[PDB]
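Undergrad: Protein chains in written order, with UniProt numbering: chain A, 95 to 162, 172 to 247, 277 to 429; chain B, 95 to 162, 173 to 247, 277 to 428; chain C, 96 to 162, 174 to 247, 277 to 429; chain D, 95 to 162, 174 to 246, 277 to 294, 296 to 429. From the three backbone atoms N, C-alpha and C, an ideal C-beta is built for every residue, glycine too.
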């Protein structure tokens with residue numbers, strides 16, 4: 095039940111929109127006006143302020159000139184479960200608190216509703232609103277060097293190919309299983325409702341410190357989606373007696389092939405992602421399950 | 095349980111080897127010598143009799159010369185892939201197929217290689233039980278190309294990313310729109326194939342039905358369904374989708390399907406008969422036990 | 096599918112779900128219309144004795160005209187058609203099931219404009235689904280049953296694992312260990328069998344399902360076998376305690392070491408009339424009731 | 095990485111046997127003689143030393159008199186003995202070492218071969234342990280229970297079940313079906329696994345909620361933070377009694393006014409690992425339930 099900690103009053107706001115959506119153009123204008131109305135410096139993505147849709151409207155040009172890594176104090180995200188992934192990408196270090204709004208479809212990371220947004224934003228800036236310290240994974244891909281921070285899942289699966297994958301999974305140098313099938317969806321508790329859920333994984337509340345291992349259509353019918361303690365060091369590498377190679381993805385981002393020499397190491401990060409909740413960590417998660425994924429209906 | 099009907103005594107044998115396996119050389123040589131001992135014409139794949147392993151061994155050159173709608177009986181070597189190749193090579197009325205498992209045992213390879221001469225003589229002379237395995241007549245129409282599929286036809290997100298939105302029409306009615314990795318519409322014989330890894334139930338090959346199984350569906354309440362055999366399926370991309378989908382036929386040629394393309398699936402009239410070592414039922418459960426660890 | 100009455104229908108057997116006030120008034124409207132035509136109406140003798148139906152003197156006018175079955179009309183959801191099969195161990199006549207409120211897998215017909223729908227079934231030809239049933243025979247150290284949805288062998292007033300052997304043509308296939316088994320017809324694939332992880336089978340597939348209840352082994356999945364097979368389930372000799380058998384949520388009887396149960400597809404199917412077609416009715420039922428898509 | 099802290103050298107040992115097995119009769123004699131050989135008091139259940147098998151054998155009568174606050178627990182049997190060990194210790198339970206004579210379970214890491222050398226290491230040296238979580242359960246009609284594997288609320292001698301589940305005062309779900317199998321991470325490999333639950337390592341501090349054959353096709357097992365307050369009670373509608381079981385112990389009947397509350401206990405069960413907590417758990421998966429062939 096961590097409430098909040100500002101230390102110094104907020105002054106920098108990084109507003110990130112899902113883009114490529116006309117429906118989000120108009121609500122973006124209203125929020126920026128109110129945020130700019132208060133004595134708060136507003137950061138917006140560099141590419142966002144130069145789209146033809148935002149450039150054509152000369153009415154909004156009044157505040158466009160007042161826009162502007173390590174000085175962001177608070178993040179506002181527009182969009183459902185596709186924007187918070189991008190927010191974590193720009194912050195490999197300590198990411199500030201993130202408040203996500205759902206305009207239409209409601210996701211697992213977007214509790215706040217857009218109606219009466221002025222009152223909700225003022226409460227976060229002035230008052231205290233409860234947060235969930237969501238866990239993240241740091242993955243290192245060693246080539247025979278390149279870290280990543282992953283919020284939902286890292287997937288090691290067969291890319292363009294036909295043969296079943298044969299990749300070995302190590303847990304603290306104590307090789308546990310060799311998964312044969314499409315792949316594995318090693319994931320955080322936040323990703324338990326993500327693509328990992330489609331593979332038969334159980335749904336973990338984001339306050340449970342753990343790392344999940346879930347196959348994608350395993351060949352063995354007794355292979356279950358285990359979950360391991362948070363502080364363990366994983367290591368996934370191709371088995372030496374295995375034809376064809378495998379591809380790795382990071383929250384639906386850059387895909388790079390791993391061969392008989394490359395190894396990926398997974399460990400829980402020390403820089404969590406705080407997401408603000410509208411009511412409380414427990415009720416919002418269960419409300420999200422029913423409204424989005426139909427947990428009980 | 096239909097046994098056998100030769101009409102005329104067998105004279106042509108088509109032997110397919112799994113290939114790319116040195117362990118299959120000597121048993122193949124022994125079987126070919128035994129078959130050539132009898133007055134039976136032996137057909138072997140043309141590109142099989144040109145490998146460096148089969149060319150270097152000059153001892154086998156004594157019988158190498160005697161090789162060669174004209175096949176009466178099929179002998180298969182390999183596990184669960186050789187019968188796929190045989191079905192691919194025979195788009196019409198495929199003759200009876202007998203499969204031998206040399207090491208690993210599959211769902212389509214009941215016969216053991218020990219005392220192979222006696223088993224082959226019994227199959228040729230006597231009557232042995234068969235399973236008339238069903239196949240699918242998939243037709244892909246472009247904005277023209279039929280295939281016969283024994284295990285499964287898969288429509289999934291191929292060399293690309295992002296979710297999939299493809300519509301499934303059954304007898305002209307949109308039954309469902311599957312979102313996820315894809316769908317594994319398959320025969321009962323494929324119920325133990327990759328369709329099984331996606332959560333499908335295990336259907337005995339004497340059940341006349343067609344299965345529909347998703348690959349990691351987005352909705353938690355979307356269970357595999359099985360539909361009557363004599364149904365006409367039709368899978369095509371949803372109009373409100375951007376990324377195209379890729380279709381595979383038993384792990385064979387993959388072709389991307391765009392908005393204007395549709396695939397139609399219907400039970401074939403040319404089944405694949407596979408001879409059983411003991412009976413059509415017990416062999417399936419034995420294969421489930423050892424091959425797949427059913428319990 | 097090409098329904099022929101041979102002789103025009105004259106006997107109608109109406110079964111109500113009972114213990115439901117909401118079904119009292121709709122029952123009155125249908126019986127008046129059915130009695131309006133020159134058609135003998137059969138109703139269960141215990142139906143016309145409830146205080147609710149006796150108190151209303153207005154309906155007493157046609158109560159006397161109630162009373174070899176040619177056609178069956180059912181009211182209720184997924185619980186009435188099971189009772190309809192119970193009274194007919196032989197050739198059950200076609201059954202038309204109405205849903206008032208909740209919609210089930212056995213009840214396609216909507217109660218609105220029931221007069222037009224009933225007249226079409228009586229006069230015109232409608233489409234039917236020949237639902238498969240199981241001839242279950244229990245032999246002690277003989278009681279024969281007909282089961283439409285499922286026969287379940289599981290622990291009852293006790294709490295321990297189960298070790299029961301499943302024989303298939305004398306070639307015992309597995310010893311299921313866990314809660315039990317839900318051997319069932321395709322019509323029961325949208326029932327308690329489905330709650331155990333069974334795939335949903337269209338009722339035109341002629342096969343028999345075997346679905347465990349919480350099996351102890353992780354790699355043990357529901358199987359479906361050809362319809363014409365003879366199943367035989369009996370307790371394993373090296374197993375303590377006993378198991379209990381249920382027939383569509385009906386009488387339970389304990390089976391001990393010497394008792395065996397034999398299951399075989401019946402030769403007397405249950406014809407259920409569909410509103411549009413055998414296929415699209417089933418898929419609509421999946422979405423509206425079991426949420427197969429959402 | 096805490097391993098063990100005896101503080102005071104062990105002097106009291108409670109040896110509990112799975113019983114009802116002739117194969118376990120002989121190994122029981124060997125261990126008790128060796129444990130009594132060292133200057134260490136041995137406790138045995140009072141009903142154990144009265145069976146015809148133990149009374150008839152006059153050879154073992156030499157030390158039968160010397161049997162008699175427990176400092177260390179030795180268990181014989183597979184996955185059925187530590188449940189009995191938890192029952193006798195509702196407070197702080199001492200370290201528990203379990204031997205698998207034949208069948209290999211999840212709470213029984215130690216093998217009986219070269220037992221004497223293994224016993225000396227535990228008494229003298231330090232061995233790694235798993236602080237397994239337990240659930241304190243209150244049934245209010277205030278009879279508490281401590282549960283190691285699972286508490287099950289399911290239909291019993293009857294024929296669906298409509299029972300409500302509350303989490304910190306909020307109705308999270310209403311489960312319809314056979315019932316709910318709320319369990320600890322140690323119970324994830326127990327009958328909770330047969331219900332479709334994922335397999336949780338016993339070092340993950342969480343509480344699992346899993347249905348038993350739920351009516352809805354989409355009702356996935358959920359796992360919640362350890363320090364949360366569960367409260368399960370019958371729905372006001374669908375008046376039919378449900379039954380509650382605690383690791384297969386006394387099955388009670390819950391009516392409309394009965395409530396069951398589940399929270400993580402503050403008295404864990406320390407089970408001694410054989411080589412290390414991580415590798416031992418994966419070894420048990422391969423042999424017991426054949427996880428990935």
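Could you tell me whether the segment 344 to 352 of chain C touches the segment 209 to 220 of chain C, where touching means 3 or more Cβ pairs closer than 8 Å?
TA: no
Undergrad: Residues of chain C with CB under 7 Å from residue 331 of chain D, in chain order?
TA: 349
Undergrad: Rounding to the nearest angstrom, what Cα-Cα distance links residue 189 of chain C and residue 154 of chain C in this structure?
TA: Rounded to the nearest angstrom, the two C-alpha atoms are 25 Å apart.
Undergrad: May I ask you to report which of helix, strand or coil DSSP gives residue 100 of chain D?
TA: In the three-state DSSP reduction, residue 100 of chain D falls in the coil class, being neither helix nor strand.
Undergrad: If you drop the 5 nearest sequence neighbours on each side, which residues of the same chain put their C-beta closer than 8 Å to that of residue 162 of chain B?
TA: In chain order, 135, 136, 137, 138 place their CB closer than 8 Å to the CB of residue 162 of chain B, counting only its own chain and leaving out the 5 sequence neighbours on each side.
Undergrad: Of all the options B:107, B:320, B:288, which has the alpha carbon lying nearest to the alpha carbon of residue 282 of chain B?
TA: Distances from the alpha-carbon of residue 282 of chain B to those of B:107, B:320, B:288 put B:320 closest.
Undergrad: Name the chain B residues whose beta carbon is nearer than 9 Å to that of residue 301 of chain C?
TA: Here the premise fails: no neighbours, minimum Cβ distance about 10 Å.
Undergrad: Could you spell out the range, first to last residue, of the alpha helix (DSSP H) harbouring residue 140 of chain B?
TA: Run containing residue 140 of chain B: none; DSSP gives neither H nor E here.
Undergrad: Give the residues of chain A in contact with residue 292 of chain B, contact being defined as C-beta atoms less than 8 Å apart.
TA: Those within 8 Å of residue 292 of chain B in chain A are 291, 292.
Undergrad: Determine the closest residue to residue 207 of chain B out of B:128, B:230, B:121, B:300, with distance taken between C-alpha atoms.
TA: B:121
Undergrad: Within 10 angstroms of its Cβ, does residue 196 of chain A collect 16 or more other Cβ (buried), or is it exposed?
TA: exposed
Undergrad: Helix, strand or coil for residue 277 of chain C? Go by DSSP, reduced to three states.
TA: coil
Undergrad: Measuring CB to CB, does residue 130 of chain C end up less than 9 Å from residue 105 of chain C?
TA: no
Undergrad: Since residue 165 of chain B and residue 215 of chain B are thought to touch, with beta carbons under 8 Å apart, how far apart are those beta carbons, to the nearest angstrom?
TA: Note on chain B: numbering goes from 162 to 173 directly, and residue 165 of chain B within that interval has no coordinates.
Undergrad: Residue 312 of chain D lies in the beta strand (DSSP E); which residues open and close that run?
TA: 306 to 316
Undergrad: For a test of the three-state rule: what should DSSP assign to residue 130 of chain C, helix, strand or coil?
TA: The answer is helix: DSSP assigns residue 130 of chain C an H, G or I state.
Undergrad: So with CB distances below 8 Å, who are the chain D contacts of residue 352 of chain B?
TA: 354
Undergrad: Assign residue 195 of chain B to one of three DSSP states: helix, strand, or coil.
TA: coil
Undergrad: Going by C-alpha distance, which of D:382, D:372, D:156, D:198 is nearest residue 124 of chain D?
TA: D:156
Undergrad: Taking 8 Å as the cut-off, does the segment 318 to 334 of chain B touch the segment 353 to 363 of chain B (at least 3 CB pairs, one atom from each stretch)?
TA: Touching, yes, given that three or more Cβ pairs across the two stretches are closer than 8 Å.
Undergrad: Please decide whether residue 426 of chain B counts as near chain A, where near means a Cβ-Cβ distance under 9 Å.
TA: yes
Undergrad: Please confirm whether residue 315 of chain A and residue 332 of chain B have their CB atoms less than 9 Å apart.
TA: no
Undergrad: I'd like to know if residue 313 of chain A contacts chain B, where contact means its C-beta is closer than 9 Å to some C-beta of that chain.
TA: Interface residue (Cβ-Cβ distance to chain B less than 9 Å): residue 313 of chain A is classified as such.
Undergrad: Going along chain A in order, which residues have a C-beta closer than 9 Å to the C-beta of residue 50 of chain D?
TA: The structure shown does not extend to residue 50 of chain D, since chain D is modelled only from 95 to 429, so the question has no answer here.
Undergrad: Among the candidates D:423, D:396, D:303, D:287, whose CA atom is the shortest distance from the CA of residue 352 of chain C?
TA: D:423
Undergrad: Mind checking if residue 339 of chain B is an interface residue toward chain C, Cβ cutoff 9 Å exclusive?
TA: A Cβ of chain C is located within less than 9 Å of the beta carbon of residue 339 of chain B.
Undergrad: Do residue 232 of chain A and residue 226 of chain A have their C-beta atoms closer together than 9 Å?
TA: yes
Undergrad: If you follow the alpha helix (DSSP H) that residue 419 of chain A is in, where does it begin and where does it stop?
TA: 413 to 420
Undergrad: For residue 95 of chain D, count neighbouring C-beta atoms within 10 Å of its own C-beta (all shown protein chains included) and say buried if the count is 16 or more, exposed if not.
TA: That one is exposed.
Undergrad: Would residue 100 of chain B be called buried (16 or more neighbouring beta carbons within 10 Å of its own) or exposed?
TA: The residue is exposed, with fewer than 16 neighbouring Cβ atoms inside 10 Å.
Undergrad: Taking Cβ-Cβ distances shorter than 7 Å, what residues in chain B pair up with residue 359 of chain D?
TA: Those do not exist, as residue 359 of chain D stays about 16 Å from chain B at its closest Cβ, beyond 7 Å.
Undergrad: Restricting to Cα atoms, I'd like to know which of D:414, D:180, D:369, D:413 is closest to residue 243 of chain D.
TA: D:369
Undergrad: Let's see if you can read the secondary structure: which residues bound the beta strand (DSSP E) around residue 343 of chain B?
TA: Residues 342 to 345.
Undergrad: Quick one: which residues of the segment 208 to 235 of chain B get their C-beta closer than 7 Å to a C-beta of chain A? List them in chain order.
TA: none
Undergrad: I'd like to check one pair, residue 175 of chain B with residue 296 of chain B: are the Cβ atoms closer than 9 Å?
TA: No, these two residues do not count as a Cβ contact at 9 Å.
Undergrad: The alpha helix (DSSP H) spanning residue 150 of chain B covers which residue range?
TA: 146 to 150
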